[PDB]
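Data from coords-v5.cif: mmCIF, N, CA and C atoms
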data_run
loop_
_atom_site.group_PDB
_atom_site.id
_atom_site.type_symbol
_atom_site.label_atom_id
_atom_site.label_comp_id
_atom_site.auth_asym_id
_atom_site.auth_seq_id
_atom_site.Cartn_x
_atom_site.Cartn_y
_atom_site.Cartn_z
ATOM 1 N N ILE S 1 6.114 -11.294 -9.062
ATOM 2 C CA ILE S 1 4.709 -11.387 -9.534
ATOM 3 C C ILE S 1 3.939 -10.111 -9.213
ATOM 4 N N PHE S 2 3.975 -9.714 -7.945
ATOM 5 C CA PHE S 2 3.283 -8.510 -7.500
ATOM 6 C C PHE S 2 4.205 -7.298 -7.582
ATOM 7 N N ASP S 3 3.658 -6.117 -7.307
ATOM 8 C CA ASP S 3 4.440 -4.886 -7.366
ATOM 9 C C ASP S 3 4.424 -4.144 -6.031
ATOM 10 N N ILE S 4 5.571 -4.131 -5.357
ATOM 11 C CA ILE S 4 5.708 -3.451 -4.075
ATOM 12 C C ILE S 4 6.031 -1.971 -4.269
ATOM 13 N N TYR S 5 5.103 -1.108 -3.862
ATOM 14 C CA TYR S 5 5.285 0.336 -3.982
ATOM 15 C C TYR S 5 5.771 0.930 -2.664
ATOM 16 N N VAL S 6 6.382 2.109 -2.738
ATOM 17 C CA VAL S 6 6.896 2.777 -1.547
ATOM 18 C C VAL S 6 6.326 4.187 -1.407
ATOM 19 N N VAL S 7 6.028 4.575 -0.170
ATOM 20 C CA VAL S 7 5.481 5.897 0.110
ATOM 21 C C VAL S 7 6.599 6.924 0.271
ATOM 22 N N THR S 8 6.731 7.811 -0.711
ATOM 23 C CA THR S 8 7.766 8.840 -0.681
ATOM 24 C C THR S 8 7.171 10.226 -0.456
ATOM 25 N N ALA S 9 5.933 10.269 0.027
ATOM 26 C CA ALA S 9 5.258 11.537 0.281
ATOM 27 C C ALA S 9 4.417 11.475 1.550
ATOM 28 N N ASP S 10 4.619 10.421 2.339
ATOM 29 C CA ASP S 10 3.881 10.234 3.587
ATOM 30 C C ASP S 10 2.388 10.054 3.317
ATOM 31 N N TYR S 11 1.706 9.351 4.213
ATOM 32 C CA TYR S 11 0.275 9.114 4.063
ATOM 33 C C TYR S 11 -0.398 8.956 5.422
ATOM 34 N N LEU S 12 -0.921 10.059 5.948
ATOM 35 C CA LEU S 12 -1.591 10.046 7.243
ATOM 36 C C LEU S 12 -3.069 10.410 7.096
ATOM 37 N N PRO S 13 -3.978 9.432 7.283
ATOM 38 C CA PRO S 13 -5.423 9.667 7.167
ATOM 39 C C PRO S 13 -5.915 10.747 8.120
ATOM 40 N N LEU S 14 -6.486 11.805 7.556
ATOM 41 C CA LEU S 14 -7.007 12.906 8.355
ATOM 42 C C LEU S 14 -8.449 12.635 8.767
ATOM 43 N N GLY S 15 -8.622 12.116 9.978
ATOM 44 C CA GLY S 15 -9.952 11.818 10.477
ATOM 45 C C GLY S 15 -10.244 10.330 10.491
ATOM 46 N N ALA S 16 -11.459 9.966 10.094
ATOM 47 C CA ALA S 16 -11.866 8.566 10.061
ATOM 48 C C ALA S 16 -12.211 8.127 8.643
ATOM 49 N N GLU S 17 -11.354 7.295 8.062
ATOM 50 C CA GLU S 17 -11.568 6.794 6.710
ATOM 51 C C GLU S 17 -11.937 5.315 6.738
ATOM 52 N N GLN S 18 -13.055 4.974 6.103
ATOM 53 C CA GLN S 18 -13.517 3.592 6.061
ATOM 54 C C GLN S 18 -12.806 2.811 4.960
ATOM 55 N N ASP S 19 -12.494 1.548 5.244
ATOM 56 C CA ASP S 19 -11.815 0.682 4.284
ATOM 57 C C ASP S 19 -10.445 1.240 3.915
ATOM 58 N N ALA S 20 -9.879 2.048 4.805
ATOM 59 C CA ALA S 20 -8.571 2.647 4.568
ATOM 60 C C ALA S 20 -7.527 2.097 5.535
ATOM 61 N N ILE S 21 -6.258 2.219 5.156
ATOM 62 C CA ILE S 21 -5.161 1.739 5.988
ATOM 63 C C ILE S 21 -4.092 2.814 6.150
ATOM 64 N N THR S 22 -3.479 2.862 7.329
ATOM 65 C CA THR S 22 -2.436 3.842 7.609
ATOM 66 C C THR S 22 -1.111 3.429 6.975
ATOM 67 N N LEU S 23 -0.299 4.418 6.611
ATOM 68 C CA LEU S 23 0.996 4.156 5.991
ATOM 69 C C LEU S 23 2.028 5.198 6.408
ATOM 70 N N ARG S 24 3.294 4.795 6.400
ATOM 71 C CA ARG S 24 4.387 5.687 6.770
ATOM 72 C C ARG S 24 5.354 5.864 5.605
ATOM 73 N N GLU S 25 5.818 7.094 5.404
ATOM 74 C CA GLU S 25 6.750 7.394 4.324
ATOM 75 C C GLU S 25 8.007 6.535 4.435
ATOM 76 N N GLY S 26 8.057 5.466 3.644
ATOM 77 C CA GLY S 26 9.203 4.575 3.666
ATOM 78 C C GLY S 26 8.802 3.132 3.899
ATOM 79 N N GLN S 27 7.539 2.821 3.622
ATOM 80 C CA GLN S 27 7.019 1.479 3.799
ATOM 81 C C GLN S 27 6.944 0.740 2.465
ATOM 82 N N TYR S 28 6.858 -0.584 2.532
ATOM 83 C CA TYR S 28 6.782 -1.409 1.330
ATOM 84 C C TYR S 28 5.522 -2.270 1.344
ATOM 85 N N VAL S 29 4.828 -2.320 0.210
ATOM 86 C CA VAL S 29 3.606 -3.112 0.104
ATOM 87 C C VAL S 29 3.258 -3.435 -1.351
ATOM 88 N N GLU S 30 3.127 -4.728 -1.646
ATOM 89 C CA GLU S 30 2.779 -5.188 -2.986
ATOM 90 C C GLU S 30 1.282 -5.038 -3.243
ATOM 91 N N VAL S 31 0.915 -4.885 -4.512
ATOM 92 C CA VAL S 31 -0.486 -4.736 -4.890
ATOM 93 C C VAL S 31 -1.122 -6.096 -5.174
ATOM 94 N N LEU S 32 -2.332 -6.301 -4.660
ATOM 95 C CA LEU S 32 -3.047 -7.559 -4.858
ATOM 96 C C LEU S 32 -3.824 -7.549 -6.171
ATOM 97 N N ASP S 33 -4.838 -6.692 -6.248
ATOM 98 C CA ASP S 33 -5.662 -6.586 -7.447
ATOM 99 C C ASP S 33 -5.978 -5.128 -7.767
ATOM 100 N N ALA S 34 -6.184 -4.842 -9.049
ATOM 101 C CA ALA S 34 -6.497 -3.487 -9.491
ATOM 102 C C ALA S 34 -7.984 -3.339 -9.789
ATOM 103 N N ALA S 35 -8.688 -2.616 -8.923
ATOM 104 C CA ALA S 35 -10.121 -2.401 -9.095
ATOM 105 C C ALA S 35 -10.399 -1.121 -9.874
ATOM 106 N N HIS S 36 -10.291 0.015 -9.194
ATOM 107 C CA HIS S 36 -10.532 1.308 -9.823
ATOM 108 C C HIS S 36 -9.245 2.129 -9.897
ATOM 109 N N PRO S 37 -9.071 2.922 -10.972
ATOM 110 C CA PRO S 37 -7.877 3.760 -11.157
ATOM 111 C C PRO S 37 -7.655 4.716 -9.989
ATOM 112 N N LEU S 38 -8.724 4.989 -9.248
ATOM 113 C CA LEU S 38 -8.654 5.887 -8.100
ATOM 114 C C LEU S 38 -7.843 5.264 -6.969
ATOM 115 N N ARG S 39 -8.170 4.020 -6.629
ATOM 116 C CA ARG S 39 -7.473 3.312 -5.562
ATOM 117 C C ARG S 39 -7.401 1.816 -5.859
ATOM 118 N N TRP S 40 -6.209 1.244 -5.706
ATOM 119 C CA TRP S 40 -6.001 -0.178 -5.960
ATOM 120 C C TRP S 40 -5.902 -0.963 -4.656
ATOM 121 N N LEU S 41 -6.210 -2.255 -4.731
ATOM 122 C CA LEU S 41 -6.158 -3.127 -3.563
ATOM 123 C C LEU S 41 -4.722 -3.548 -3.270
ATOM 124 N N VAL S 42 -4.281 -3.320 -2.035
ATOM 125 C CA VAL S 42 -2.924 -3.675 -1.632
ATOM 126 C C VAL S 42 -2.903 -4.289 -0.235
ATOM 127 N N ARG S 43 -1.889 -5.107 0.031
ATOM 128 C CA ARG S 43 -1.747 -5.758 1.328
ATOM 129 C C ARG S 43 -0.283 -5.812 1.750
ATOM 130 N N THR S 44 0.037 -5.144 2.853
ATOM 131 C CA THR S 44 1.404 -5.113 3.361
ATOM 132 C C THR S 44 1.913 -6.519 3.659
ATOM 133 N N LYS S 45 3.231 -6.683 3.617
ATOM 134 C CA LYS S 45 3.851 -7.976 3.879
ATOM 135 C C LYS S 45 4.204 -8.123 5.360
ATOM 136 N N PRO S 46 3.846 -9.265 5.984
ATOM 137 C CA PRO S 46 4.139 -9.509 7.398
ATOM 138 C C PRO S 46 5.603 -9.861 7.630
ATOM 139 N N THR S 47 6.117 -9.492 8.798
ATOM 140 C CA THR S 47 7.505 -9.771 9.142
ATOM 141 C C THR S 47 7.638 -10.199 10.601
ATOM 142 N N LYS S 48 8.434 -11.241 10.832
ATOM 143 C CA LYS S 48 8.664 -11.767 12.176
ATOM 144 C C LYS S 48 7.380 -12.345 12.770
ATOM 145 N N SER S 49 6.527 -11.476 13.305
ATOM 146 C CA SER S 49 5.271 -11.913 13.908
ATOM 147 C C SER S 49 4.180 -10.861 13.731
ATOM 148 N N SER S 50 4.439 -9.881 12.874
ATOM 149 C CA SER S 50 3.477 -8.815 12.619
ATOM 150 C C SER S 50 2.410 -9.268 11.625
ATOM 151 N N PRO S 51 1.128 -9.248 12.037
ATOM 152 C CA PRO S 51 0.015 -9.657 11.173
ATOM 153 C C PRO S 51 -0.085 -8.805 9.912
ATOM 154 N N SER S 52 -0.436 -9.443 8.798
ATOM 155 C CA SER S 52 -0.566 -8.746 7.523
ATOM 156 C C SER S 52 -1.923 -8.058 7.412
ATOM 157 N N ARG S 53 -1.898 -6.759 7.129
ATOM 158 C CA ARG S 53 -3.123 -5.979 6.993
ATOM 159 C C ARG S 53 -3.356 -5.582 5.538
ATOM 160 N N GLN S 54 -4.624 -5.480 5.153
ATOM 161 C CA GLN S 54 -4.980 -5.113 3.787
ATOM 162 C C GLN S 54 -5.880 -3.880 3.766
ATOM 163 N N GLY S 55 -5.477 -2.881 2.987
ATOM 164 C CA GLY S 55 -6.251 -1.658 2.880
ATOM 165 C C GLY S 55 -6.064 -0.974 1.539
ATOM 166 N N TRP S 56 -7.080 -0.238 1.102
ATOM 167 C CA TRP S 56 -7.016 0.473 -0.171
ATOM 168 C C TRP S 56 -6.177 1.739 -0.035
ATOM 169 N N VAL S 57 -5.306 1.980 -1.011
ATOM 170 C CA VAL S 57 -4.445 3.157 -0.992
ATOM 171 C C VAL S 57 -4.484 3.894 -2.328
ATOM 172 N N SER S 58 -3.974 5.122 -2.336
ATOM 173 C CA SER S 58 -3.949 5.933 -3.549
ATOM 174 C C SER S 58 -2.632 5.743 -4.306
ATOM 175 N N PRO S 59 -2.691 5.263 -5.566
ATOM 176 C CA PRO S 59 -1.490 5.043 -6.382
ATOM 177 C C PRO S 59 -0.859 6.346 -6.862
ATOM 178 N N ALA S 60 -1.505 7.464 -6.552
ATOM 179 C CA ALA S 60 -1.002 8.772 -6.956
ATOM 180 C C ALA S 60 0.182 9.195 -6.093
ATOM 181 N N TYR S 61 0.488 8.389 -5.082
ATOM 182 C CA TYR S 61 1.601 8.676 -4.183
ATOM 183 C C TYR S 61 2.530 7.472 -4.067
ATOM 184 N N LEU S 62 2.268 6.453 -4.880
ATOM 185 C CA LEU S 62 3.080 5.240 -4.876
ATOM 186 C C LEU S 62 3.919 5.144 -6.145
ATOM 187 N N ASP S 63 5.208 4.867 -5.973
ATOM 188 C CA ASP S 63 6.122 4.745 -7.102
ATOM 189 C C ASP S 63 6.539 3.292 -7.307
ATOM 190 N N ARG S 64 6.750 2.916 -8.564
ATOM 191 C CA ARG S 64 7.154 1.555 -8.901
ATOM 192 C C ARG S 64 8.509 1.223 -8.282
ATOM 193 N N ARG S 65 8.564 0.117 -7.546
ATOM 194 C CA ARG S 65 9.800 -0.310 -6.901
ATOM 195 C C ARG S 65 9.937 -1.829 -6.945
ATOM 196 N N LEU S 66 11.142 -2.301 -7.256
ATOM 197 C CA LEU S 66 11.407 -3.734 -7.336
ATOM 198 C C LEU S 66 12.280 -4.200 -6.176
ATOM 199 N N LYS S 67 12.019 -5.414 -5.700
ATOM 200 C CA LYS S 67 12.778 -5.986 -4.594
ATOM 201 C C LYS S 67 14.007 -6.732 -5.106
ATOM 202 N N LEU S 68 14.948 -6.998 -4.205
ATOM 203 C CA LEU S 68 16.173 -7.705 -4.562
ATOM 204 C C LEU S 68 15.934 -9.212 -4.590
#
Could you render the structure from this file as structure tokens?
Amino acid sequence: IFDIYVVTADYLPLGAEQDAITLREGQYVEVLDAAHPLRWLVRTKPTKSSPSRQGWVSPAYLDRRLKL
């Protein structure tokens, strides 16, 4: 249903960004809703006991990826 994108160019916020979320080159996260072409709403998937976080990211560094 959703689309899990992967960071293949790294994403480290330089300074203090509001409504932003940190990401590591090689992470997976499906998109929730598409607001503006600049940045879409996404929420990482929780695993084991890690809480799920939601933050806006730039799709200019996210590539289409499908899960098994």
Carefully work through the PyMOL selection byres (((chain S and resi 20-36 and name CA) around 9) and name CA) for this structure and note down the residues it includes, as an NGL selection string. :S and (2-13 or 16-19 or 37-45 or 53-57 or 65)
Pick out each residue of chain S that DSSP on the backbone tags as strand (DSSP E); I need them as an NGL selection string. :S and (4-7 or 28-36 or 39-44 or 54-57 or 62-65)
Would you export the selected residues with N, CA and C atoms as a PDB file, keeping the file's coordinate frame, please?
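In the end it all went to result.pdb:
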ATOM      1  N   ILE S   4       5.571  -4.131  -5.357  1.00  0.00           N
ATOM      2  CA  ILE S   4       5.708  -3.451  -4.075  1.00  0.00           C
ATOM      3  C   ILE S   4       6.031  -1.971  -4.269  1.00  0.00           C
ATOM      4  N   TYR S   5       5.103  -1.108  -3.862  1.00  0.00           N
ATOM      5  CA  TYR S   5       5.285   0.336  -3.982  1.00  0.00           C
ATOM      6  C   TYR S   5       5.771   0.930  -2.664  1.00  0.00           C
ATOM      7  N   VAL S   6       6.382   2.109  -2.738  1.00  0.00           N
ATOM      8  CA  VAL S   6       6.896   2.777  -1.547  1.00  0.00           C
ATOM      9  C   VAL S   6       6.326   4.187  -1.407  1.00  0.00           C
ATOM     10  N   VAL S   7       6.028   4.575  -0.170  1.00  0.00           N
ATOM     11  CA  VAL S   7       5.481   5.897   0.110  1.00  0.00           C
ATOM     12  C   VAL S   7       6.599   6.924   0.271  1.00  0.00           C
ATOM     13  N   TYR S  28       6.858  -0.584   2.532  1.00  0.00           N
ATOM     14  CA  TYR S  28       6.782  -1.409   1.330  1.00  0.00           C
ATOM     15  C   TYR S  28       5.522  -2.270   1.344  1.00  0.00           C
ATOM     16  N   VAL S  29       4.828  -2.320   0.210  1.00  0.00           N
ATOM     17  CA  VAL S  29       3.606  -3.112   0.104  1.00  0.00           C
ATOM     18  C   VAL S  29       3.258  -3.435  -1.351  1.00  0.00           C
ATOM     19  N   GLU S  30       3.127  -4.728  -1.646  1.00  0.00           N
ATOM     20  CA  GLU S  30       2.779  -5.188  -2.986  1.00  0.00           C
ATOM     21  C   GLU S  30       1.282  -5.038  -3.243  1.00  0.00           C
ATOM     22  N   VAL S  31       0.915  -4.885  -4.512  1.00  0.00           N
ATOM     23  CA  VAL S  31      -0.486  -4.736  -4.890  1.00  0.00           C
ATOM     24  C   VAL S  31      -1.122  -6.096  -5.174  1.00  0.00           C
ATOM     25  N   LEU S  32      -2.332  -6.301  -4.660  1.00  0.00           N
ATOM     26  CA  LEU S  32      -3.047  -7.559  -4.858  1.00  0.00           C
ATOM     27  C   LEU S  32      -3.824  -7.549  -6.171  1.00  0.00           C
ATOM     28  N   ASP S  33      -4.838  -6.692  -6.248  1.00  0.00           N
ATOM     29  CA  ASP S  33      -5.662  -6.586  -7.447  1.00  0.00           C
ATOM     30  C   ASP S  33      -5.978  -5.128  -7.767  1.00  0.00           C
ATOM     31  N   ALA S  34      -6.184  -4.842  -9.049  1.00  0.00           N
ATOM     32  CA  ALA S  34      -6.497  -3.487  -9.491  1.00  0.00           C
ATOM     33  C   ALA S  34      -7.984  -3.339  -9.789  1.00  0.00           C
ATOM     34  N   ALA S  35      -8.688  -2.616  -8.923  1.00  0.00           N
ATOM     35  CA  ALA S  35     -10.121  -2.401  -9.095  1.00  0.00           C
ATOM     36  C   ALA S  35     -10.399  -1.121  -9.874  1.00  0.00           C
ATOM     37  N   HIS S  36     -10.291   0.015  -9.194  1.00  0.00           N
ATOM     38  CA  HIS S  36     -10.532   1.308  -9.823  1.00  0.00           C
ATOM     39  C   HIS S  36      -9.245   2.129  -9.897  1.00  0.00           C
ATOM     40  N   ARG S  39      -8.170   4.020  -6.629  1.00  0.00           N
ATOM     41  CA  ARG S  39      -7.473   3.312  -5.562  1.00  0.00           C
ATOM     42  C   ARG S  39      -7.401   1.816  -5.859  1.00  0.00           C
ATOM     43  N   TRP S  40      -6.209   1.244  -5.706  1.00  0.00           N
ATOM     44  CA  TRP S  40      -6.001  -0.178  -5.960  1.00  0.00           C
ATOM     45  C   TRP S  40      -5.902  -0.963  -4.656  1.00  0.00           C
ATOM     46  N   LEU S  41      -6.210  -2.255  -4.731  1.00  0.00           N
ATOM     47  CA  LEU S  41      -6.158  -3.127  -3.563  1.00  0.00           C
ATOM     48  C   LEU S  41      -4.722  -3.548  -3.270  1.00  0.00           C
ATOM     49  N   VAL S  42      -4.281  -3.320  -2.035  1.00  0.00           N
ATOM     50  CA  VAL S  42      -2.924  -3.675  -1.632  1.00  0.00           C
ATOM     51  C   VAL S  42      -2.903  -4.289  -0.235  1.00  0.00           C
ATOM     52  N   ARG S  43      -1.889  -5.107   0.031  1.00  0.00           N
ATOM     53  CA  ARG S  43      -1.747  -5.758   1.328  1.00  0.00           C
ATOM     54  C   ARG S  43      -0.283  -5.812   1.750  1.00  0.00           C
ATOM     55  N   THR S  44       0.037  -5.144   2.853  1.00  0.00           N
ATOM     56  CA  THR S  44       1.404  -5.113   3.361  1.00  0.00           C
ATOM     57  C   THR S  44       1.913  -6.519   3.659  1.00  0.00           C
ATOM     58  N   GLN S  54      -4.624  -5.480   5.153  1.00  0.00           N
ATOM     59  CA  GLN S  54      -4.980  -5.113   3.787  1.00  0.00           C
ATOM     60  C   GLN S  54      -5.880  -3.880   3.766  1.00  0.00           C
ATOM     61  N   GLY S  55      -5.477  -2.881   2.987  1.00  0.00           N
ATOM     62  CA  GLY S  55      -6.251  -1.658   2.880  1.00  0.00           C
ATOM     63  C   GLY S  55      -6.064  -0.974   1.539  1.00  0.00           C
ATOM     64  N   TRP S  56      -7.080  -0.238   1.102  1.00  0.00           N
ATOM     65  CA  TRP S  56      -7.016   0.473  -0.171  1.00  0.00           C
ATOM     66  C   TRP S  56      -6.177   1.739  -0.035  1.00  0.00           C
ATOM     67  N   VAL S  57      -5.306   1.980  -1.011  1.00  0.00           N
ATOM     68  CA  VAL S  57      -4.445   3.157  -0.992  1.00  0.00           C
ATOM     69  C   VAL S  57      -4.484   3.894  -2.328  1.00  0.00           C
ATOM     70  N   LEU S  62       2.268   6.453  -4.880  1.00  0.00           N
ATOM     71  CA  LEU S  62       3.080   5.240  -4.876  1.00  0.00           C
ATOM     72  C   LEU S  62       3.919   5.144  -6.145  1.00  0.00           C
ATOM     73  N   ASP S  63       5.208   4.867  -5.973  1.00  0.00           N
ATOM     74  CA  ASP S  63       6.122   4.745  -7.102  1.00  0.00           C
ATOM     75  C   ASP S  63       6.539   3.292  -7.307  1.00  0.00           C
ATOM     76  N   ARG S  64       6.750   2.916  -8.564  1.00  0.00           N
ATOM     77  CA  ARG S  64       7.154   1.555  -8.901  1.00  0.00           C
ATOM     78  C   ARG S  64       8.509   1.223  -8.282  1.00  0.00           C
ATOM     79  N   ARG S  65       8.564   0.117  -7.546  1.00  0.00           N
ATOM     80  CA  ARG S  65       9.800  -0.310  -6.901  1.00  0.00           C
ATOM     81  C   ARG S  65       9.937  -1.829  -6.945  1.00  0.00           C
TER      82      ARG S  65
END
Any idea what the distance is between atom CA of residue 47 of chain S and atom CA of residue 68 of chain S? 16.3 Å
Centre, x/y/z edge lengths, axis-aligned box for segment 3-22 of chain S with 3 Å per side, as lines of an AutoDock Vina configuration file:
center_x = -2.9
center_y = 3.4
center_z = 1.6
size_x = 27.3
size_y = 25.0
size_z = 23.9
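Reported to one decimal place, the separation of atom N of residue 46 of chain S from atom C of residue 67 of chain S is 15.3 Å.
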